């Protein structure tokens, strides 16, 4: 059992054709996570949008929020004794093998898993330094002189240790460094063939919109449609999808094989 947390501290704005929250929600769903806590300021508006999630075969809970690590304190009782995963509300991911990348991370039963991605702008993120042999040797939160161009993405997989590490503090980078110092941090490369886009500024929200529109209008498939992912995980049956351009798309999913 692994439980999910989305921290939305903007995430109700659409990226092209659906609310921004649908991307991190879809990401946790693709990783096989069904029990998800949405932490925000906005909490009632997410409740109004997403409900308890039983329409999508999910169990959605809500909590209200001083730092990203604070999510483990707020969701401590939600996490209980289970493995956890944390996603940030303003990140979207796209690529081939993304189901498998998440699967591998979510299936480790010990330590923590994070993803390093080559960016132009590493100073804006957690930066991970590698030695000559490609081993992760240091983490720095928004460094003035980055040790590498490899930014840690807003996607984190944690074992039962995280709550107690967070308690002894609030930077997510300190949590991740505590695992690294114990030799229990897995840093997987997210290859340049994957797209990890910021949706956090006026410019990047626009770029992300154009990016999704180009893929979707080319393929005739949607990126990060939660009802599709639910259906393909077999968390909802054809009857439930039937009940649930977006409506037309869901109908098409019942009458087409997509590989």
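Rigid core here is just the name for the largest C-alpha set that superposes within 1.5 Å across the two forms. Positions refer to the first chain, counted from 1.
**Asked** Quick one: with the core lined up, is it 200-208 or 216-224 that wanders further in 8 other deposited structures of this protein, going by C-alpha RMS?
**Response** If we average over structures and residues in 8 other deposited structures of this protein, the farther stretch is 200-208.
**Prompt:** Unmodelled stretch from the deposited sequence between residue 55 and residue 56, which bin: none, 1 to 3, 4 to 9, 10 or more?
**Reply:** None; the chain is continuous from residue 55 to residue 56.
**Message:** I want to verify a possible break: how many residues of the deposited sequence sit between residue 169 and residue 170 without any coordinates (none, 1 to 3, 4 to 9, 10 or more)?
**Reply:** In the deposited sequence, 4 to 9 residues between these two have no coordinates.
**Request:** Mind pulling up the entry and telling me whether 227-235 or 186-194 has the higher mean Cα temperature factor?
**Result:** Mean CA B-factor is higher for 227-235.
**Request:** Give the stretch, out of 152-160 and 78-86, with the larger mean C-alpha temperature factor in the deposited entry.
**Result:** For C-alpha atoms only, the mean B-factor is higher in 78-86.
**Prompt:** Looking at 204, 219, 41, 26, which has the highest CA B-factor as recorded?
**Reply:** If I rank 204, 219, 41, 26 by C-alpha B-factor, first place goes to 41.
**Message:** By the recorded C-alpha temperature factor, relative to the other modelled residues in its chain, which third is residue 124 in?
**Reply:** Middle third by C-alpha B-factor.
**Request:** Would you please rank residue 108 by its C-alpha temperature factor against the other modelled residues of its chain and give the third it falls in: lowest, middle or highest?
**Result:** Within its chain, residue 108 is a highest-third residue by C-alpha B-factor, going by the deposited values.
**Asked** Comparing residue 200 with the other modelled residues of its chain, is its CA B-factor in the lowest, middle or highest third?
**Response** Middle third by C-alpha B-factor.
**Message:** Could you place residue 71 in the lowest, middle or highest third of its chain by Cα temperature factor, using the values in the record?
**Reply:** Tercile = highest for this residue's CA B-factor.
**Asked** In terms of the chain's CA B-factor thirds, is residue 209 lowest, middle or highest?
**Response** Answer is lowest: the recorded C-alpha B-factor places it there.
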